[PDB]
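A.B. asks: Attaching a single structure in structure tokens format; questions to follow.
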Amino acid sequence: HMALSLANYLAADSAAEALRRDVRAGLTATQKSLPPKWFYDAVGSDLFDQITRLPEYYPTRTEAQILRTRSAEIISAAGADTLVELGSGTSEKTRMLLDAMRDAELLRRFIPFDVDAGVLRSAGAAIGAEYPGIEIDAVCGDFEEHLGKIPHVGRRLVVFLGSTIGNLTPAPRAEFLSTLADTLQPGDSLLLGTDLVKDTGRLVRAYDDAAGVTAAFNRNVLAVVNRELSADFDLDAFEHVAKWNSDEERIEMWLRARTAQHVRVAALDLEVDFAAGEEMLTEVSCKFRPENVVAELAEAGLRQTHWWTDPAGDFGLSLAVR
Ligand SMILES: O=C(O)[C@H](Cc1c[nH+]c[nH]1)[NH+]1CCOCC1
């Protein structure tokens, strides 16, 4: 029910300042862009939840199937009594891992780490009910800033699933893995999900579904800016575009102005213009090669001890240690 510890390192005013800075920088750049972290307000989070069930969006169900068939092996290899989730704690994937830890009579502690305190409370109540006696220590924070705030207690399995790591470009990605590695003690393990290079048609369709749900998700960042910064983006004026970048081997989401648009952002005393056909970058989703996952882990000071992948080779999970 209500048993919980929660530390909260995210302030509303600090988030508001960050949005103002990001939007100013992003909209005044010659090549316009917006950071994807701002996708995930309440509406955008619900849209992403729906995305995970789209026929075209294979990543979630593919990762889940790997966990479904190999969770016992993962938990045995980790030997952890504490599950740290860099993420909500709300998915069936979490429960697959917790179940396996319970089955092995190892489970003692759950540490959900996410940006929404309300979500963490909900996760804590649900998990607390399903695994009686489990200790829950929630951390409300940003995984690019507050990894050092994660408690160093027990033998910890830190999981970073869904190929979230792919939403970081190489420089911030390397910094993230290095920082994360620095927090691991002997006996701790990282479980990392990475979406893999594959048929490019399938990749593009995964980010441009027939039902237009990803398009709604993408355009919602404009609604976020409209509401929070008193802007007047016309969402109907922007086309959703998903591209495969073969040089960087990443999916990119863009918003393309159908016609010329004049946008006023009142909170920033700012006016910007979009030319007809002008495109604005809103997200990258890097796709990996198995050999390069090993390399990127190595550069961060982590040794991959286990590698799991579906029979189609669509998705991969790494276990890595110091
Ligand atoms: O790149 C993706 O596949 C998604 C974001 C996304 C899905 N569809 C469009 N963007 N990310 C992966 C795991 O959760 C965090 C976000």
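Every chain in the structure tokens has a letter given in the order shown (A, B, ...), and although residue numbers restart at 1 in each chain, ligands are simply numbered from 1 in the order shown.
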Which protein, DNA or RNA residues have an atom within 7 Å of ligand 1, counting only C-alpha atoms and all ligand atoms, as a PyMOL selection string?

C.D. replies: chain A and resi 48+51+161-164+166-167+207+214+283-285

A.B. asks: Create the file for the chosen residues now, containing N, CA and C atoms and written as an mmCIF file, in the first residue's frame.

C.D. replies:
data_model
loop_
_atom_site.group_PDB
_atom_site.id
_atom_site.type_symbol
_atom_site.label_atom_id
_atom_site.label_comp_id
_atom_site.auth_asym_id
_atom_site.auth_seq_id
_atom_site.Cartn_x
_atom_site.Cartn_y
_atom_site.Cartn_z
ATOM 1 N N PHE A 48 2.984 7.602 -25.658
ATOM 2 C CA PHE A 48 4.082 6.662 -25.816
ATOM 3 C C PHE A 48 3.652 5.276 -25.356
ATOM 4 N N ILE A 51 2.033 3.762 -28.140
ATOM 5 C CA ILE A 51 3.019 3.414 -29.154
ATOM 6 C C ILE A 51 3.589 2.016 -28.897
ATOM 7 N N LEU A 161 16.240 -0.154 -19.925
ATOM 8 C CA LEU A 161 15.618 -0.927 -20.987
ATOM 9 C C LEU A 161 15.026 -0.042 -22.075
ATOM 10 N N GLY A 162 14.454 -0.691 -23.083
ATOM 11 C CA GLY A 162 13.673 -0.024 -24.107
ATOM 12 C C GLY A 162 14.483 0.679 -25.179
ATOM 13 N N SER A 163 15.806 0.555 -25.103
ATOM 14 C CA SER A 163 16.725 1.279 -25.983
ATOM 15 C C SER A 163 16.639 2.785 -25.745
ATOM 16 N N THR A 164 16.304 3.168 -24.515
ATOM 17 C CA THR A 164 16.357 4.570 -24.116
ATOM 18 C C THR A 164 17.744 5.145 -24.384
ATOM 19 N N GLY A 166 19.526 4.762 -26.807
ATOM 20 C CA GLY A 166 19.582 5.168 -28.201
ATOM 21 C C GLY A 166 19.086 6.583 -28.453
ATOM 22 N N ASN A 167 18.375 7.158 -27.490
ATOM 23 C CA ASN A 167 17.886 8.525 -27.642
ATOM 24 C C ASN A 167 18.964 9.544 -27.267
ATOM 25 N N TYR A 207 8.375 4.083 -36.631
ATOM 26 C CA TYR A 207 8.334 5.468 -36.164
ATOM 27 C C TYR A 207 7.406 6.314 -37.035
ATOM 28 N N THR A 214 2.243 7.844 -33.668
ATOM 29 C CA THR A 214 3.558 8.446 -33.484
ATOM 30 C C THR A 214 3.531 9.912 -33.927
ATOM 31 N N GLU A 283 13.730 14.271 -32.434
ATOM 32 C CA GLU A 283 14.226 13.070 -31.766
ATOM 33 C C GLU A 283 15.154 12.263 -32.654
ATOM 34 N N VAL A 284 16.161 11.651 -32.039
ATOM 35 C CA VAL A 284 16.963 10.641 -32.714
ATOM 36 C C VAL A 284 16.789 9.352 -31.944
ATOM 37 N N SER A 285 16.838 8.246 -32.670
ATOM 38 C CA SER A 285 16.741 6.924 -32.077
ATOM 39 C C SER A 285 17.821 6.075 -32.724
#

A.B. asks: Per residue of stretch 200-239 of chain A within 12 Å of stretch 302-320 of chain A, what are the shortest atom pair and its distance in Å to one decimal, counting only C-alpha atoms, with rows by chain and residue number, as CSV?

C.D. replies:
residue,atom,partner,partner_atom,distance
A:200,CA,A:314,CA,11.7
A:202,CA,A:314,CA,10.2
A:203,CA,A:314,CA,10.1

A.B. asks: Quick one: pick out all alpha helix (DSSP H) residues within stretch 8-201 of chain A from a backbone DSSP run and write them as number ranges by chain.

C.D. replies: A: 12-28, 42-51, 59-78, 92-103, 117-130, 170-183, 200-201

A.B. asks: Write out as a count of residues only all residues of stretch 72-191 of chain A that DSSP puts in strand (DSSP E or B) for this structure's backbone.

C.D. replies: 26

A.B. asks: Neighbouring residues of residue A:257 were defined as those with any atom within 9 Å, considering only C-alpha atoms; residues of the same chain fewer than 4 positions away were excluded. Please report them as an NGL selection string.

C.D. replies: :A and (237-239 or 261 or 274-280)

A.B. asks: Could you tell me which of A:143, A:39, A:113, A:176 comes closest to residue A:282 if we count only C-alpha atoms?

C.D. replies: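 Going through A:143, A:39, A:113, A:176 one by one, the smallest distance to residue A:282 is for A:39.
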
A.B. asks: List every residue of stretch 157-254 of chain A that has an atom at most 9 Å from any atom of stretch 1-24 of chain A, giving for each one its closest atom pair and the distance in Å to one decimal, counting only C-alpha atoms, sorted by chain and then by ascending residue number, as a Markdown table.

C.D. replies:
| residue | atom | partner | partner_atom | distance |
| --- | --- | --- | --- | --- |
| A:225 | CA | A:23 | CA | 7.9 |
| A:228 | CA | A:16 | CA | 8.1 |
| A:229 | CA | A:20 | CA | 7.4 |

A.B. asks: Filtering to C-alpha atoms, could you give me those residues as a PDB file, in the first residue's frame?

C.D. replies:
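Written out: selection.pdb:
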ATOM      1  CA  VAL A 225       5.477  24.556 -25.813  1.00  0.00           C
ATOM      2  CA  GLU A 228       3.992  26.115 -20.994  1.00  0.00           C
ATOM      3  CA  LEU A 229       5.513  29.060 -22.886  1.00  0.00           C
TER       4      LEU A 229
END

A.B. asks: Excluding residue A:75 and its own-chain neighbours fewer than 6 positions away, which residues fall within 8 Å of it when counting only C-alpha atoms? Please give them as a PyMOL selection string.

C.D. replies: chain A and resi 97+100-101+104

A.B. asks: Would you mind listing what lies within 10 Å of residue A:187 as an MDAnalysis selection string, with only C-alpha atoms counted and same-chain residues fewer than 5 positions away left out?

C.D. replies: chainID A and resid 78:80 154:157 321:322

A.B. asks: When you look at stretch 116-127 of chain A with a cut-off of 10 Å (counting only C-alpha atoms), what residues show up, excluding the ones that are within fewer than 3 positions of it in the same chain? I need them as number ranges by chain.

C.D. replies: A: 1-10, 40-42, 87-91, 94-95, 98, 110-113, 130-132, 134-142
